[PDB]
Number of protein chains: 2
Amino acid sequence: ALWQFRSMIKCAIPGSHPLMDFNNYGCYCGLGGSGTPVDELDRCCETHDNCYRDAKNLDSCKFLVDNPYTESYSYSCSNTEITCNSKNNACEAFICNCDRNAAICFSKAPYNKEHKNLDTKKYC
Amino acid sequence: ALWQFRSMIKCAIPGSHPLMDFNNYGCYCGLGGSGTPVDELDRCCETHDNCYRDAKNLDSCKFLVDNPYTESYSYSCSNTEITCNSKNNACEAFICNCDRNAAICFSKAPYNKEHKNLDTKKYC
Ligand SMILES: CCCCCCCCCCCCCCCC(=O)O
Ligand SMILES: CCCCCCCCCCCCCCCC(=O)O
Ligand SMILES: [Ca+2]
Ligand SMILES: [Ca+2]
Ligand SMILES: [Ca+2]
């Protein structure tokens with residue numbers, strides 16, 4: 001669920017304020033998105049939207065309010081490393097992996113502060 | 001989900017092997033159930049079935065394979081005390097409370113070993 005993703009982020013990058021650092025970044029970090037991502041980081045968010053979009057399309061998955069962010073799964077953090085629990089059901093595991101691949105990805109992308117709070121109507 | 005319930009049980013009663021102690025007990029501990037529970041313990045399990053039956057009937061909840069046992073929620077154990085996380089969604093929170101009320105209930109019921117492995121075709 002959203003709060004678990006925020007803290008996976010805090011797991012893979014210990015110095016971070018997830019909301020402050022990665023919400024309203026680029027074209028895809030923050031609600032919906034448009035155009036083409038502006039850097040690797042943004043690209044990470046676009047992939048994440050896509051991943052969620054995919055998960056909505058496993059016809060076996062019916063998320064509360066149609067939002068995969070409402071879905072809690074099980075995971076743990078140990079020394080910067082994220083592990084999704086295998087006992088997550090198929091839908092939970094999909095979401096869990098989306099979030100995981102995205103905290104890892106964020107952790108590897110260069111952070112460009114020009115790109116936080118982007119003029120999207122114009123650059124996206 | 002099932003594994004989380006087993007370990008809530010292990011939370012509220014530290015000496016226990018959940019499967020060995022409370023599966024195949026009475027009329028209601030262990031798959032489905034019939035007749036009238038045989039003691040407070042069994043009654044605890046019947047309530048739990050009912051609770052799950054209720055949760056299946058919140059028309060907003062669509063469990064994987066129709067089984068609320070597949071649904072992971074978030075919780076923690078601290079000194080015998082169980083806490084369901086408020087950030088569980090409405091469906092997750094319902095299940096979480098079913099499991100919680102049942103580990104607590106088991107923890108308070110007298111354990112009658114005559115009743116483990118009951119002849120159900122006959123006493124249930
Ligand atoms: C990757 C975006 C930021 C990461 C951590 C804080 C924001 C969460 C993820 C972005 C999704 C949009 C925010 C969710 C709020 C909502 O439920 O609409
Ligand atoms: C209260 C029953 C026992 C508690 C701990 C071990 C058994 C779990 C709960 C009983 C439900 C039946 C077992 C679930 C197995 C299944 O998925 O069919
Ligand atoms: Ca987005
Ligand atoms: Ca869940
Ligand atoms: Ca039962």
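For each chain, positions are counted from 1 along the sequence as written; this may not be the entry's numbering. Residues without coordinates are not shown. Throughout, the order in which chains and ligands are written sets their labels, letters from A for the former and numbers from 1 for the latter. Side-chain metrics rest on all non-hydrogen atoms present in the structure, leaving aside hydrogens and water.

- Regarding how it was determined, this PDB entry cites X-ray crystallography in its header, along with a resolution of 2.50 Å.

A few points about the coordination of the calcium ion (ligand 3)
Residues and elements named next belong to chain A.
Now for step 1: Donor atoms are limited to N, O and S found within 2.8 Å of the metal ion, a distance that becomes 3.2 Å for Na, K and Ca. With water left out, some sites might look partial. Around the calcium ion (ligand 3), the protein contributes the donor atoms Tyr28 (O), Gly30 (O), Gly32 (O), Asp49 (OD) and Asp49 (OD), which lie 2.5 to 2.9 Å from the metal centre.
Now for step 2: Of note, the calcium ion (ligand 3) draws all its donor residues from one chain, in the sequence arrangement Y-x1-G-x1-G-x16-D. Of this pair, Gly32 sits in the loop between α2 (18–22) and α3 (40–56) while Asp49 sits in helix α3, and the two are 17 residues apart along the sequence.
Now for step 3: Assessed through its relative accessible area of 27%, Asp49 is described here as partly exposed. Secondary structure is summarised from DSSP: a helix means a run of H or I of at least four residues, a strand means a run of E of at least two, and numbering begins at the N terminus for each. Three exposure classes are used, based on accessible area relative to the maximum for each residue type with a 1.4 Å probe and protein chains only: buried under 20%, partly exposed in between, and exposed over 50%.

Thoughts on the pattern of salt bridges
Residue and element names in this part refer to chain A.
Now for step 1: One speaks of a salt bridge when a side-chain nitrogen belonging to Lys or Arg is within 4 Å of a carboxyl oxygen belonging to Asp or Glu. A full pass over the atoms with the stated rule returns four salt bridges over all chains.
Now for step 2: The residue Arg100 makes a salt bridge to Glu81 at a minimum N-O spacing of 3.5 Å. With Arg100 in helix α4 (residues 90–108) and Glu81 in strand β2 (residues 81–84), the pair connects residues that are 19 residues apart, well separated along the chain.

Quick notes on the packing of α3 of chain A against α4 of chain A
Residues and elements named next belong to chain A.
Now for step 1: The interhelical angle for the contact between α3 and α4, taken along N-to-C directions, is 175°, at an axis separation of 9 Å. By the angle class used here, α3 and α4 are roughly antiparallel. On α4, the residues touching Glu40, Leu41, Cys44, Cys45, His48, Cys51, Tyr52, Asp54 and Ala55 of α3 are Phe94, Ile95, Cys98, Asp99, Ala102, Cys105, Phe106 and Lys108.
Now for step 2: Of the residues belonging to the contact of α3 with α4, the class tally is 12 nonpolar, one polar and four charged. To define axes, lines are fitted to C-alpha atoms, for helices over the stretch in contact only, and angles between the resulting N-to-C directions are given on a 0 to 180 degree scale. Working definition: roughly parallel below 35 degrees, roughly antiparallel above 145 degrees, roughly perpendicular at 65 to 115 degrees, and oblique for all remaining angles. Residue contacts follow a heavy-atom distance rule, with two residues in contact if any of their heavy atoms lie within 4.5 Å. Residues are sorted three ways: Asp, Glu, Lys and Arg are charged, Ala, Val, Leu, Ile, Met, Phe, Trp, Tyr, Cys and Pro are nonpolar, and all the rest, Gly among them, are polar.

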